[PDB]
Colleague: 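Got a structure here, written out as structure tokens. Questions coming.
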Amino acid sequence: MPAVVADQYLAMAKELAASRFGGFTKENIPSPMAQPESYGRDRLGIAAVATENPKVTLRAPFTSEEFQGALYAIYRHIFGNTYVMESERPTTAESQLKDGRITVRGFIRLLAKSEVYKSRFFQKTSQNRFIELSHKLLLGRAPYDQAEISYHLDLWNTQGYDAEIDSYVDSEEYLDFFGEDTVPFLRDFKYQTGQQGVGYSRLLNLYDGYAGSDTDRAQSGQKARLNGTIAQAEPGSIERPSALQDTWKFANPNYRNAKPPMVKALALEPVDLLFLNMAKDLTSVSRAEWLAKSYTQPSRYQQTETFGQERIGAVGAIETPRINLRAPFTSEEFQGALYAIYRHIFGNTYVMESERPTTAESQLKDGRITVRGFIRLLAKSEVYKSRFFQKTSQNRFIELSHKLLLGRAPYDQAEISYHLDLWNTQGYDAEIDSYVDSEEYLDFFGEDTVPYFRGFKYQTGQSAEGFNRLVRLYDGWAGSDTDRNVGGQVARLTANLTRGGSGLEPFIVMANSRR
Amino acid sequence: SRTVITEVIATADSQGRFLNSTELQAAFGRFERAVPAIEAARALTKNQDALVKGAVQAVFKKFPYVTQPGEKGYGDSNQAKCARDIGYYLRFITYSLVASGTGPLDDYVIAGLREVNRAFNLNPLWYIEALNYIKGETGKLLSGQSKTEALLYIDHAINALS
Amino acid sequence: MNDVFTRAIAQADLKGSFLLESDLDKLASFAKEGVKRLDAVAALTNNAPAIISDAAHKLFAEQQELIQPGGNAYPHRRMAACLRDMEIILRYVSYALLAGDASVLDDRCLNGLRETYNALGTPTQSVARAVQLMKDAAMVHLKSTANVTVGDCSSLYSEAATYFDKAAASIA
Amino acid sequence: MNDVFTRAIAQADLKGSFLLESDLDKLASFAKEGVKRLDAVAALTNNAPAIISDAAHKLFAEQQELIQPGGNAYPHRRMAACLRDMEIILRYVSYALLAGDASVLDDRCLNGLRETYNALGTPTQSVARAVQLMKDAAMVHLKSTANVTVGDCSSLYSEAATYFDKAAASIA
Ligand SMILES: CCC1=C(C)/C(=C/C2=NC(=C\c3[nH]c(/C=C4\NC(=O)[C@H](C)[C@H]4CC)c(C)c3CCC(=O)O)/C(CCC(=O)O)=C2C)NC1=O
Ligand SMILES: CCC1=C(C)/C(=C/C2=NC(=C\c3[nH]c(/C=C4\NC(=O)[C@H](C)[C@H]4CC)c(C)c3CCC(=O)O)/C(CCC(=O)O)=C2C)NC1=O
Ligand SMILES: CCC1=C(C)/C(=C/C2=NC(=C\c3[nH]c(/C=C4\NC(=O)[C@H](C)[C@H]4CC)c(C)c3CCC(=O)O)/C(CCC(=O)O)=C2C)NC1=O
Ligand SMILES: CCC1=C(C)/C(=C/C2=NC(=C\c3[nH]c(/C=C4\NC(=O)[C@H](C)[C@H]4CC)c(C)c3CCC(=O)O)/C(CCC(=O)O)=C2C)NC1=O
Ligand SMILES: CCC1=C(C)/C(=C/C2=NC(=C\c3[nH]c(/C=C4\NC(=O)[C@H](C)[C@H]4CC)c(C)c3CCC(=O)O)/C(CCC(=O)O)=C2C)NC1=O
Ligand SMILES: CCC1=C(C)/C(=C/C2=NC(=C\c3[nH]c(/C=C4\NC(=O)[C@H](C)[C@H]4CC)c(C)c3CCC(=O)O)/C(CCC(=O)O)=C2C)NC1=O
Ligand SMILES: CCC1=C(C)/C(=C/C2=NC(=C\c3[nH]c(/C=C4\NC(=O)[C@H](C)[C@H]4CC)c(C)c3CCC(=O)O)/C(CCC(=O)O)=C2C)NC1=O
Ligand SMILES: CCC1=C(C)/C(=C/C2=NC(=C\c3[nH]c(/C=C4\NC(=O)[C@H](C)[C@H]4CC)c(C)c3CCC(=O)O)/C(CCC(=O)O)=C2C)NC1=O
Ligand SMILES: CCC1=C(C)/C(=C/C2=NC(=C\c3[nH]c(/C=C4\NC(=O)[C@H](C)[C@H]4CC)c(C)c3CCC(=O)O)/C(CCC(=O)O)=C2C)NC1=O
């Protein structure tokens, strides 16, 4: 199979995938919000004053170019961005600065007390505007609270203008950020320790761009622009100049914002807001806890653990303790074992004190026989014979002996035939010995444990009707196998045993087809 | 389920006799210990979500090899089932604490535990680690005797898993 | 078989839920009032022969037909079985009073008992009458404040009454 | 900036009346729970690095577009700005928790912060999400009963949640 694509495009694809580390993967994708590192400061137009322009510092020893540049920066900051004509330049003040008689801080104080500063920012202004400008130009920030305006207005009214300028320049905040050597700069465009949330917006409101200025020579004049926002404790306006709507227009900060649908989804039937609820459950939250809560939702089958055993009525027959009787046994263990043995081997039939076998109990107490030999004796005893053999058919006797001595129901008709022939040819004792000498008995009860009802659990080799035949044979905890019932002691499983089942299964198969 | 009172009644009934001094003294012990056990269950119920999340995280920290692609610990379904299992264990531990017997655990969790874990290839060591975590935070969550009962039941679960 | 605590746990498991604060409070209250329950159970246990003898005398005074030739308690065997039945029912009622749940009765005492009596021919109205007589005989021993700290135990009397009623209702 | 006491004082002053007996009882109850309040503030202050690291991990796992090339938290500078903002807002939440009043948070932190994030082109919704994650981590740390005397503190938990939610709603 030849080249499916021309080599030029393969080269173009390879070089496009090479210029990116890892090629094209799902994790190294570009961000859909396409913001350069300089996005914010560039769209705001504050790149120069915030990052690009260096901090101008002037110590007492300095050369000519440092001095000239420092004065350029000082005049471009302190005097707004307003042009300061040559007739206004202070020569004695900068002679004092050059000599080292005053620092940059003292020079700033002299400049703010000069009539350039007053004429621009004081004499044609309200005091609110003067305070705004003074904060911007002398502290590098905007007023944070109305308390500052009240404080500065009272300070000017009482002590006059120079004390106000001193409070600006003798403040611990001025000395923290500018000390004595460096020119003030707009400092709220980066987060400092004592900033407040409104400072950024308010300074950005006071800053008119690089080519803007704080001029009194506007046609509207010199007007306060934060006089209302500071009293309401509002933020400031973040509307930047018009020259900047051409910067980084392909950035998408609001990428996570959802576009609304043209019409809202409505559910006419179960109410109107169910699709919104389904949507919120699906999307708003993580899938993990969604699945976890779905897994623990209560089932519609409201079935306890004992459900199913309560239905067939065999909770007790299953939760009875398994009695084992060793050779050295106490009196209470012995009496309890006798009680259990009589409750099981005699089909929950009342046995009277005159019918209890005291010699067999003595033999068991000594150790001459085991639980197994005791059970064999009891099954050969006249109590057992009279209640389960002498007024019954052999079918009833066989099913009942299976139930009482093996704890299970017969599995097929071969058991009936086998045991009937056994009794007929070898008598009743051999028939009992088959049950007690059986491999089943020895596997499950084995010489020391009392028989119990096994067939309420699956037994290997069971015929799936043995469970049902035991449920039929079992009559409940308060049920017995008495021969004193009104009709007699009668067989229960004859038709089921011989037939192998109900005889309705082919029709169940037919029904599970079409209908 | 197999509790103090139910064992008492089962023994009395299996011997076909009333409740005597021994059985009533056992029930009395149950009724006294109910207070620490019930409020340990209360404290365990309150902090169930944190306990389950921490137990899952501990399983993953001890068994980092389950969570990468291709095996049992991978996927939201598997991790959700992990949270569900640890919540099951905690639920039945609190049940056993309230009932003052390992009947809830023995009947709902432990019975069939090994066959089920084998069939679905769930390592018992994961749950052992989760329960050891649960033990660590129940040490600090609970004080005095309540700590003692909650530890007995957590350790019964652990022993059954091991 | 269940006690009150296991009944609550089983109901909470059907919800996949832990036990609520309110349900835990109910269980704590059950436990705190457990000494009274123990005294009631001791009252039933210790006075069992008196309760059964009183009930038997009253039952065979009211219903003379049970002890005539042809009655359901005529020969010694049938009377012995009757007394055993009464003892068993009282024993299980005491089990239920200790447990706090009628579950032991329904799972064991009254499991196949109505069908047992129906197949035997026992008049279940008379069995329920014997159970009511036992309830009357047992209330006087439950309420006896001699030799026990006096307090409010009407709830235990009502609970024991309801267990006796549940037995009688299942029979008849 | 004022606390609960000065809030009550301001409401009393506008009416022009003394503080009522109910108000004085309320403030005294506040003072009596102040010890638990200090515990909660210390829980916030001690575990602040863990809180913010966790909230940052969850925020950038949930919103990967912030940390990939072009994203608003992408270069080290903007990542540092993001983590610093989380620091700051947690700080002011703890301040408000101590004062018993959100006035410090609203006045000094939250007020013009939406405008700042609009001007800078920062996703305000992502900042609100970060405040929420940082809320959940802080709540995990407050409820820690280790090394602190045990007792009910639900009022403090709800109050801190209100402060975190107010921060989130103001930023967004
Ligand atoms: C970032 C670089 C930068 C720029 C570009 C800049 C421009 C600038 N020009 C200004 C004034 C001015 N600009 C002009 C020039 C115009 N009038 C004439 O008719 C001409 C047609 C035209 C010039 C070709 C005039 C006359 C003024 C004075 C306005 C006045 O005094 O009322 C001012 C006000 C400053 C003040 O008066 O205190 C600024 C800030 N400033 C800067 O820092
Ligand atoms: C230099 C030119 C100039 C002036 C004069 C000026 C007025 C001015 N008045 C102010 C407040 C105020 N002004 C007043 C006076 C009024 N309230 C009473 O009802 C009277 C009816 C009435 C006076 C007769 C009051 C009471 C305040 C304080 C209000 C407040 O704190 O909210 C403030 C804010 C500082 C503060 O809170 O104390 C200014 C700046 N601003 C200026 O730039
Ligand atoms: C769950 C525990 C349990 C119970 C409750 C129980 C009751 C019970 N009573 C029985 C017999 C009996 N029960 C009675 C009692 C009745 N006679 C009437 O006169 C009286 C009004 C009434 C008693 C109040 C009698 C007379 C018999 C024997 C019937 C007979 O011999 O023909 C039987 C048949 C067993 C046998 O006959 O040997 C059972 C199963 N057995 C149990 O294992
Ligand atoms: C102790 C009282 C008692 C008796 C007597 C009894 C009879 C009895 N006869 C049986 C079978 C049988 N019975 C007969 C007898 C018939 N053969 C011809 O049809 C003749 C017309 C007729 C005899 C004259 C036959 C042939 C079988 C075998 C049935 C078979 O294998 O399908 C079976 C089934 C088990 C077996 O195969 O041995 C029983 C239970 N059951 C009892 O409980
Ligand atoms: C030799 C042929 C044979 C079979 C197959 C057989 C099955 C059998 N399944 C049983 C119980 C059960 N069987 C199931 C299985 C069902 N429930 C689940 O939800 C599934 C939907 C479904 C299996 C795919 C369950 C859950 C039980 C427990 C019921 C209970 O006791 O509550 C029982 C009752 C005894 C026991 O719990 O072990 C039998 C006898 N018996 C037989 O003699
Ligand atoms: C060995 C078996 C055993 C028993 C029998 C037993 C009973 C028992 N009864 C008690 C007192 C009590 N017993 C009763 C019950 C009585 N109040 C009315 O008079 C009724 C007639 C009757 C109950 C129906 C009451 C009300 C108390 C006081 C405790 C309380 O009110 O909370 C106490 C606590 C002693 C105390 O008051 O500090 C116990 C332990 N505890 C045991 O370990
Ligand atoms: C523009 C320049 C830029 C750099 C350089 C940068 C580094 C960087 N790597 C990170 C993740 C990471 N990077 C590593 C690197 C380690 N992995 C190990 O195999 C190595 C021994 C070692 C690397 C030498 C690790 C462990 C993390 C995860 C840290 C965590 O969030 O727990 C993170 C945390 C943000 C995230 O969750 O992805 C940053 C900020 N980010 C940037 O925007
Ligand atoms: C005292 C109260 C106060 C606060 C809180 C405050 C925050 C603040 N965050 C800023 C920038 C920033 N803030 C963030 C934070 C965002 N990045 C991700 O999207 C996150 C969702 C989110 C943080 C959880 C980022 C990335 C920047 C840099 C954007 C830029 O400089 O262009 C800035 C601009 C100055 C600077 O870059 O340092 C301020 C003033 N300012 C205040 O005066
Ligand atoms: C040096 C700064 C300082 C600290 C650190 C401080 C903690 C502190 N917490 C105390 C009590 C307490 N502390 C708590 C708070 C806890 N309740 C729950 O466990 C919560 C997890 C948690 C708070 C959310 C409670 C409920 C009390 C007891 C009730 C009370 O005295 O108010 C006490 C009184 C003595 C004691 O019982 O331990 C102190 C001194 N107090 C201080 O002045």
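Numbering of ligands and ligand atoms starts at 1, following listing order. Proteins get letters first, then strands, A, B, ... in listed order; numbering begins at 1 in each.
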Colleague: Do A/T330 and A/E332 get their side chains close enough for a donor-acceptor pair, meaning under 3.5 Å?
Modeller: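 The criterion, which ignores hydrogens and geometry beyond distance, is satisfied for A/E332 and A/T330.
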Colleague: Could you find the nearest protein heavy atom to atom 2 (C) of ligand 4 and give me its residue, atom name and distance?
Modeller: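 Going atom by atom, the protein heavy atom closest to atom 2 (C) of ligand 4 ends up being A/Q394 N, 4.5 Å.
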Colleague: Report the part of C/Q63 (side chain from C-beta onward, or backbone N, CA, C, O) that has a heavy atom under 4.0 Å from ligand 3; answer both or neither where that applies.
Modeller: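 Looking at C/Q63 and ligand 3, no heavy atom falls under 4.0 Å.
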Colleague: Report the relative orientation of the aromatic rings in C/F30 and C/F5; use parallel for angles under 30°, tilted for 30 to 60°, perpendicular for over 60°.
Modeller: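 C/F30 vs C/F5 ring planes: perpendicular.
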Colleague: Examine the proximity of ligand 3 to C/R78 and report which part, side chain or backbone, both or neither, has a heavy atom under 4.0 Å away.
Modeller: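 Contact part for C/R78 vs ligand 3: both backbone and side chain.
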Colleague: From the options C/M86, A/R387, C/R77, select the one whose nearest heavy atom is closest to atom 31 (O) of ligand 3.
Modeller: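 Among C/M86, A/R387, C/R77, the closest heavy atom to atom 31 (O) of ligand 3 belongs to C/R77.
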Colleague: Which atoms of ligand 4 sit under 4.0 Å from any heavy atom of A/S393?
Modeller: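 Going through ligand 4 atom by atom, the ones under 4.0 Å from A/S393 are 43 (O).
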Colleague: If we set the cut-off at 4.0 Å for heavy atoms, which region of C/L142 has an atom near ligand 6: side chain, backbone, both, or neither?
Modeller: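 Backbone only.
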Colleague: Test of understanding: given a 4.0 Å heavy-atom threshold, classify the contact between C/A43 and ligand 6 as side chain, backbone, both, or neither.
Modeller: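 The answer is neither; C/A43 stays 4.0 Å or more away.
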Colleague: Mind checking whether C/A130 contacts ligand 3 via backbone (N, CA, C, O), side chain (CB onward), both or neither, at a 4.0 Å heavy-atom cut-off?
Modeller: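 Within the 4.0 Å criterion, C/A130 contacts ligand 3 through side-chain atoms alone.
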Colleague: Protein heavy atoms: any of them under 4.0 Å from atom 4 (C) of ligand 4?
Modeller: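 False for atom 4 (C) of ligand 4.
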Colleague: May I ask you to check whether A/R343 has an N/O atom sitting below 3.5 Å from an N/O atom of ligand 3?
Modeller: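 It does: an N or O of A/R343 is found under 3.5 Å from an N or O of ligand 3.
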Colleague: Dump the intermediate steps for side-chain contact (heavy atoms from CB on, under 4.5 Å) on A/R484 and C/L120, then the final yes or no.
Modeller: CA-CA 6 Å; A/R484 321 184 157 265; C/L120 277 168; 4.0 Å; yes
Colleague: Tell me the contacting part of C/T116 for ligand 3: side chain, backbone, both, or neither, using a 4.0 Å heavy-atom threshold, strictly below.
Modeller: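 Under 4.0 Å from ligand 3, C/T116 contributes side-chain atoms alone.
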Colleague: Look at atom 33 (C) of ligand 4 and find which of A/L420, A/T494, A/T498 reaches it with the closest heavy atom.
Modeller: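 Ranked by closest heavy atom to atom 33 (C) of ligand 4, first place is A/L420.
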Colleague: If we count only non-hydrogen protein atoms and require a distance under 4.0 Å, does atom 43 (O) of ligand 4 qualify as touching the protein?
Modeller: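 Protein heavy atom within 4.0 Å of atom 43 (O) of ligand 4: present.
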Colleague: Under 4.0 Å from atom 15 (C) of ligand 4, is there any protein heavy atom?
Modeller: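 So far as the 4.0 Å threshold goes, atom 15 (C) of ligand 4 is out of reach of every protein heavy atom.
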Colleague: How close does the nearest protein non-hydrogen atom get to atom 1 (C) of ligand 6, and which residue and atom is it?
Modeller: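 Going by distance alone, atom 1 (C) of ligand 6 is nearest to B/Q25 CG, 3.9 Å.
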Colleague: Considering only non-hydrogen protein atoms, determine which one is nearest to atom 30 (C) of ligand 6 and report residue, atom name and distance to 0.1 Å.
Modeller: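 For this ligand atom, the closest protein heavy atom is C/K36 CD, 4.6 Å.
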Colleague: Below 3.5 angstrom, do we get any N/O pair linking A/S480 and ligand 3?
Modeller: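 Checking ligand 3 against A/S480, no N or O pair falls under 3.5 Å apart.
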Colleague: Counting only heavy atoms, which portion of A/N395 has something under 4.0 Å from ligand 4: side chain, backbone, both, or neither?
Modeller: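 The part of A/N395 near ligand 4 is both the backbone and the side chain.
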Colleague: Any cation-pi pair here, C/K32 with B/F31, using under 6.0 Å and within 45°?
Modeller: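 No, a cation-pi geometry is absent between C/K32 and B/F31.
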Colleague: State if C/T145 counts as touching ligand 6 under the rule of any non-hydrogen atom under 4.0 Å.
Modeller: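 Under 4.0 Å: yes for C/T145.
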Colleague: Which residue supplies the protein heavy atom nearest to atom 25 (C) of ligand 6, what is that atom called, and how far is it?
Modeller: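 Protein heavy atom at minimum distance: C/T149 O, 3.3 Å.
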Colleague: For the 3.5 Å polar cut-off, considering only N or O atoms, please tell me whether A/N348 and ligand 3 meet it.
Modeller: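 For ligand 3, there is an N or O atom that lies under 3.5 Å from one belonging to A/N348.
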Colleague: Please say whether C/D85 places an N or O atom under 3.5 Å from an N or O atom belonging to ligand 3.
Modeller: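 Yes, since at least one N or O of C/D85 sits under 3.5 Å from an N or O of ligand 3.
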Colleague: Using 30° and 60° as the class limits, which term best fits the ring planes of A/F453 and A/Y474: parallel, tilted or perpendicular?
Modeller: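 Judged by the thresholds at 30° and 60°, the geometry between A/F453 and A/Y474 is perpendicular.
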Colleague: Mark up the atoms of ligand 4 that fall under 4.0 Å of a heavy atom belonging to A/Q413, in ascending order.
Modeller: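 Those qualifying, in numeric order: 34 (C), 35 (C).
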Colleague: Using heavy-atom distances only, which candidate in C/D39, B/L24, C/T45 approaches atom 10 (C) of ligand 6 most closely?
Modeller: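 Residue with the shortest heavy-atom distance to the ligand atom: C/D39.
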Colleague: What's the shortest distance from atom 24 (C) of ligand 6 to any protein heavy atom, and which residue and atom give it?
Modeller: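 Looking only at protein heavy atoms, the one closest to atom 24 (C) of ligand 6 is C/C153 CB, 3.6 Å.
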Colleague: Any protein heavy-atom neighbour for atom 39 (C) of ligand 4 (distance below 4.0 angstrom)?
Modeller: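 At least one protein heavy atom is under 4.0 Å away.
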Colleague: Please report which non-hydrogen protein atom sits nearest to atom 29 (C) of ligand 6, along with the residue it belongs to and the distance in Å to one decimal place.
Modeller: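 So the nearest neighbour among protein heavy atoms is C/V35 CG2, 4.2 Å.
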Colleague: Starting from atom 27 (C) of ligand 3, which protein heavy atom do you reach first, and at what distance in Å?
Modeller: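 Here the closest protein heavy atom is C/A81 CB, 3.4 Å.
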Colleague: With the side chain counted from C-beta on, respond yes when A/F456 and A/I312 share a heavy-atom pair under 4.5 Å apart, and no when they do not.
Modeller: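 The answer is yes, as the side chains (C-beta and beyond) meet within the 4.5 Å cut-off.
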Colleague: With a 4.0 Å cut-off, strictly under, does atom 35 (C) of ligand 4 pick up any protein heavy atom?
Modeller: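 There is a protein heavy atom less than 4.0 Å from atom 35 (C) of ligand 4.
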Colleague: For ligand 3, note which part of C/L110 has a heavy atom under 4.0 Å away: side chain, backbone, both or neither.
Modeller: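 Neither part.
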Colleague: Using a 4.0 Å cut-off to any heavy atom of A/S417, which atoms of ligand 4 qualify?
Modeller: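 In order of number, 35 (C), 36 (C), 37 (O), 38 (O).
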